[PDB]
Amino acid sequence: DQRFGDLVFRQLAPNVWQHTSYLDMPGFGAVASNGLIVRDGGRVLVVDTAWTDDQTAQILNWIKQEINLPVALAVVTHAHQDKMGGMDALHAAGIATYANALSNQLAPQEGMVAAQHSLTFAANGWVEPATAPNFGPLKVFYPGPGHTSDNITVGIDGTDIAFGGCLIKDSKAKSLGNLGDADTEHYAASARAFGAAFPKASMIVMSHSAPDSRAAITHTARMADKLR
């Protein structure tokens, strides 16, 4: 995997890359955050911003250089900084942004810029397709409240990659990370719903670890069960 400015990029599959940015948090130093970049025909689709506007501009620059296709749309997976910190950059590049309607409602109070468009979901978790027009291989699933009440997840058609975002931790993880906004009562169930929603997916991309096996889902759920 490749360094570019302060960011790191790793190709996970033919038309799927994972982007990584860092933030110095005081007392623990640097923290990595992963999103996805996806080439679909003549378009590129982004899943999650970087921590900051500048890092997200860097993402766009790298897409210009390594793929040099226009960015059709971004999806952000909940209203925290690792996932929405760079909404202004995307808007300034005139890229269409999408989030959970709840994310857009929460964003002002979590100090984020709302996306331009709001996804809504069926009772079974699946995105209403009207609200996610022309997402190509991106299948968006709302697993229920866990890390945040608004956390959403994205599988990529034509790969065995699903993206858990901050919901899923790594199979050798010691805790569940920041639970200050979390739904402790439903977290295990939401992790497992994410599993069942993408049952064949075998490469689980996450916010804060390198891609992992489905034991990430299992281990995260088992960890959440001990918090209920």
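Residue positions are given as counts along the sequence shown, with the first one as 1.
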- Note on the structure: Comparing mean C-alpha B factor in the record for 173-181 and 189-197, the higher one is 173-181
- Item | Higher-B stretch (mean Cα B-factor, as the entry records it), 98-106 or 71-79 | 71-79
- Message: By the CA temperature factor listed in this entry, which of these ranks top: 151, 134, 118, 124?
- Response: 134
- Query: Out of 36, 57, 168, 44, which shows the largest CA B-factor listed in the entry?
  - Reply: 44
- Message: Is residue 113 in the lowest, middle or highest third of its chain when residues are ranked by C-alpha B-factor?
- Response: lowest
- Lowest, middle or highest third of the chain for the C-alpha temperature factor of residue 53? middle
- Of the three thirds of Cα B-factor ranks in this chain, residue 157 occupies the highest
